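Novice: One structure coming up, written as structure tokens, with questions to follow.
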Amino acid sequence: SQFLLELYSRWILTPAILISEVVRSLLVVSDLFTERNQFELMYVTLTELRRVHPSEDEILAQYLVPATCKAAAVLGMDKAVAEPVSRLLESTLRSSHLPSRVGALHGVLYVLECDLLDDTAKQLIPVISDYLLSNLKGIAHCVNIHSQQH
Amino acid sequence: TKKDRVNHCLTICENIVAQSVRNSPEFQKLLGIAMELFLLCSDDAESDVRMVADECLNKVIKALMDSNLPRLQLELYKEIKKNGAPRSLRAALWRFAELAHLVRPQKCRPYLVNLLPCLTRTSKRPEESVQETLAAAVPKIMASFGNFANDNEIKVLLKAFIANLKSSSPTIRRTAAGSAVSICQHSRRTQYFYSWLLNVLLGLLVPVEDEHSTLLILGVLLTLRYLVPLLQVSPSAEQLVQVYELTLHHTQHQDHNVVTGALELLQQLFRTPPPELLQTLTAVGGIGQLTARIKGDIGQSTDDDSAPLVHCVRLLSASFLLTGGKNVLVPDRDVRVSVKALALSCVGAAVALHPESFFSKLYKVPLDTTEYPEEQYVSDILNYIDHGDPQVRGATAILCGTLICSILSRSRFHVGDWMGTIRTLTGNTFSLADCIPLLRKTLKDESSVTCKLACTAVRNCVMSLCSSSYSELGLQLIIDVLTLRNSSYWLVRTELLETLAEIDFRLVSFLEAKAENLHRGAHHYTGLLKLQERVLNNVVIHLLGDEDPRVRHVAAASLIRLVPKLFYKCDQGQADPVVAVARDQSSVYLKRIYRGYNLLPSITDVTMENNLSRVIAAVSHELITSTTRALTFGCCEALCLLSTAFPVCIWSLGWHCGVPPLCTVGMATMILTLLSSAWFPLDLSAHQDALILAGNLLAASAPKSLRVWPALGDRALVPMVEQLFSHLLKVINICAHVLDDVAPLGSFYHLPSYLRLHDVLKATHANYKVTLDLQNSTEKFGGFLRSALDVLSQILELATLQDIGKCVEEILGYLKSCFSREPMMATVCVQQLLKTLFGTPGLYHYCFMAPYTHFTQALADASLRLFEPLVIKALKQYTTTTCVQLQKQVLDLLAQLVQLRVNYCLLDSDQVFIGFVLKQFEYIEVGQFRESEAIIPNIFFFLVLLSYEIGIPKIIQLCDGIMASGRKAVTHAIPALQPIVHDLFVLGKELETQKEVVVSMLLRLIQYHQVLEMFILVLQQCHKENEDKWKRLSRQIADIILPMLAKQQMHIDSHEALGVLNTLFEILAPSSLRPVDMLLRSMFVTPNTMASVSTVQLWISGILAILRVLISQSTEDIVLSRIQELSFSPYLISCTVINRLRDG
């Protein structure tokens, strides 16, 4: 797992076909990172991408919102880390891409899971609380129509 | 006097046009003298003088193309013979090619003889600026002065230009090459002069092992890039194979200007090949039957056991772009990257012809296993995706497009079985799993020149995969082009939408339901992969809202190509996506009111009315809920191109939204509020498309509403028609005050909203009168004046005499000023006013059970006067015009003054107009007339209808000349009789003799299937007039056509052609078909040779149309008693007899 951190950073920092499938291989092995040295290198490569890679690449948009959010949970959810992580979850829930809606909601959990979260950033749980009320009243009667794993 | 010289030239110009007196013996002398003086103003060398006084000479001509054309063109021929200065002779030569198609064919033959002494001197001139404009006039002059010369005059002219291939200037070499090839399109015999230029040039390169003066080697290869587009006694099949071996020696002859000359000649002979040359290369033996840096045995193009296109890919690779030892690039130092670019585009156009070349070994005899470890195949061509610049990674982007296009069409989508045969023959390991990820990568490339060439590779390649076994990988390339919709190069976005117009989105919706991992794809998405609503809302309607006028026009034509191909879910026809693909491939393989509107019951497809009502739902939504200037402006251009392919009157249930709630008025209430704003009409590029679309939506109410404006009969519909008829008389009121320089019911003075429309029609009219260019489709005043006389026509049909009786004064004044600019559709405004001033389903249904029962149901039936100033002006135009779109609308204006009985006083004393129609029959038989095709159906309707008042004895002698002494029949002779037969057989002793004459002429012409529609009219009157005469005439054409069907003289090449001949045997009398002696000797026949699909195709149409008679007209009992007497052996076409004909 140390040999795979060196390889996938030099490709990011490659064609647009290979941009999307490299962010997805790094989120799966994340079960097996065994050191606090190893989780710190993961969060650094993913934030230099978003400011450089275009925002309208919605295949690439839905693998990285699961990727950037599981780093900041093992890491401290601190004031220099909350303001980059909290802003990215609000926008992708407004996206029209319905499998991009689903990857961004797993990133809510790990932030909400264990760390005693910052007091100003937990006032942005009513950002994520408001999205849940709107899509149950439409999927109360009919569930066969809308989706299954959304 | 340099500022004194400027004021002199400009005051002569205005005092000729403002004379308003022409054809006068005082006015003739004045125009000759000061016309040569306009060019001395240009001959004097100052850019303040040369620019100013050349735009002023164009003000004279265009205001005088109507009045004095024979006076203009006589002063102008004088200056070329003067052979003046190279600046003086040049700008006169622009003027003379644009007025070549304005001459009359009466005076044309004197103009041809005088130019060939004048056109050879300007070919001998070494001025590189004088030689350029002649390659932009010998296209235009000898296409209108083409047909008037014999075989003597045109052989002299082509020996001169080849002596202009012997010069060393690159500007003078390419102007003598486009002059030889523009004549042979128009010479006298278009096919005889193609074979004559190929004999002259190959003696300039007769045997190639000589010294050929390498400037003169480049002269012969540039005349051949212009003529191979035209090759598709004739140019022989052995004449064209001498062209092809000449170039492969010249891809090796070292230079950089001679290597690049024979590589543009090879890229174009595979794209548009001549069909004689095209069969000799795909063939296995190939050239062997016609005769009876590289370091290996390639095997030349004479060898058998391999096609020559297997040979021609081995040769262009090891010399230019590949080294025979290892997968390695060749350096750019050795071969230029302008020379490596044209060699990747020639390997791709041959795979579309012979796809077995790309899998071959590079050397036939292997090359020295001591030096090199392994030998390689031609797959290192596909390692030039990483090579540097655009147009090499982009021209190996296009080498993988047509390698996938042409294996699927070669072996019929059997990528399993066809790849097995090659691998044991040439042992390469190259599947199509290793080329689509090479094509997925160049779509994501950086440079915007690299992205234009990789998206034409998906125009060829995603209609063949998606219906093949590799259609897992075929759907992914639909997905990635959708990310290419927002790149900022305007040529990158318009070759996307052509590969999203050629998509069949009913076959694309079928693969989505079968996918389970492809819906996820990358990053494991949840939900459906909705291609169709994402490619129609977020590209095609979205690219209507682009800033460019180039990008907005191309997106409309795709919604003409998308609407038959949608498949929205759960129609009341096609249910599944399985049943959707099955109905577009069964129609293929199993079978006077104005132009706006319709009165039929209008039989229509129920499920094709559903796909056209979802594309007018999302299009009226980015026109009302839009926030930009650019969304409102280029989506009135996408609604005017639906209504000219999917008209509103035929498809009204798709266009219907609301109004009259039931034959519809769809969506026409929004668009009048666009026009009544003072913002939207101020630009003529899309105000002319909002007037052709508001007349299509008030005419579809005509089958319903008709029983102020008393004929409308629907008071919720009258303010929509009150507005446009108020809107179209104020736009012929601003076009009348512009064509005549006059200061500013229909009145735009007191409106400040339409004083803004007077400054916009005056910017587009100062560029026409100053810049002479006659043949432009898009002019934006000449395009705008075409739009507002088309829709003033369509409303008058709804009007009556009582509404127009206060306006017949009004609309006739404007057209006298609106006559000269566009008279073609200013009589279409006059043709209509006189009408209304004188009153006038589940995949068993579709594949079998619905087409099986149209078969058996047609067999049981087989067992069965303010116009007087305006009318006189339109007759002076027909004698002096030359455009034959205007000559067709003037023969319909005179067939309406004789039906509506206007007395024959248009020619009060003489017979001036009727004498001129007889002379035009002299120019068609000989062929000295340019566009006789679009006038010969309407010349003959005017003549027969006057004789009820030239008599029908004289009318039928003119038609006999065209047929036997003149051109072919399907343009001239067969449309000549459609006016006569319908007006003689349908509508005492003098009338009996003339019916015997017309039936004898068609027997000489039975061979054509348009002549068999005229003869279904003849048999239906004899069953009504006299049934004794009905049976005599069906026996005479019984023993003519059945001797033709055995010798295959009957042109049944079309499916328009088999439909006409089967309604003939129903209506032919059954007494003439009752002996089965005749129908069987015409049936059981063998053709001459079945080698060619011109001859295989007419023998199997004689067997399908005499077999519709042995099933209905005679039962089973009668047929088989006869063949016991007639020894018709069953070895007639047997497997021994069919084998010797395809070869023979």
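Count begins at 1; order follows the chain as displayed.
If you check the header, you will see the structure was determined by electron microscopy, 9.6 Å.
The backbone N, Cα and C atoms fix where each Cβ goes, and this holds for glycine too.
In case it helps, Swiss-Prot gives these features for our protein:
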type	residues	note
MOD_RES	B:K82	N6-acetyllysine
MOD_RES	B:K140	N6-acetyllysine
REPEAT	B:110-147	repeat 'HEAT 1'
REPEAT	B:152-189	repeat 'HEAT 2'
REPEAT	B:430-467	repeat 'HEAT 4'
REPEAT	B:530-568	repeat 'HEAT 5'
Novice: On a simple 10 Å Cβ count over all chains shown, which one of the modified residues B:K82, B:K140 is most densely packed?
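Specialist: Of the modified residues B:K82, B:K140, the most buried by Cβ count within 10 Å is B:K140.
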Novice: Reported as an integer number of Å, what is the Cα distance between B:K140 (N6-acetyllysine) and B:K82 (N6-acetyllysine)?
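Specialist: If we compare the Cα positions of B:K140 (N6-acetyllysine) and B:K82 (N6-acetyllysine), the gap is 22 Å.
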Novice: Could you tell me how many residues in the repeat 'HEAT 2' (B:152-189) are helical, how many are strand and how many are coil under DSSP?
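Specialist: Going by DSSP assignments, the repeat 'HEAT 2' (B:152-189) contains 21 helix, 0 strand, 17 coil.
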Novice: Helix, strand or coil at B:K140 (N6-acetyllysine), per DSSP?
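Specialist: Going by the DSSP assignment, B:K140 (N6-acetyllysine) belongs to neither helix nor strand, so it counts as coil.
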Novice: Going by DSSP assignments with H, G and I as helix and E and B as strand, what are the residue counts for the repeat 'HEAT 5' (B:530-568)?
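Specialist: Output for the repeat 'HEAT 5' (B:530-568) reads 27 helix, 0 strand, 12 coil.
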Novice: Per DSSP, how many helix, strand and coil residues does the repeat 'HEAT 4' (B:430-467) have?
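Specialist: So the counts come to 7 helix, 0 strand, 31 coil.
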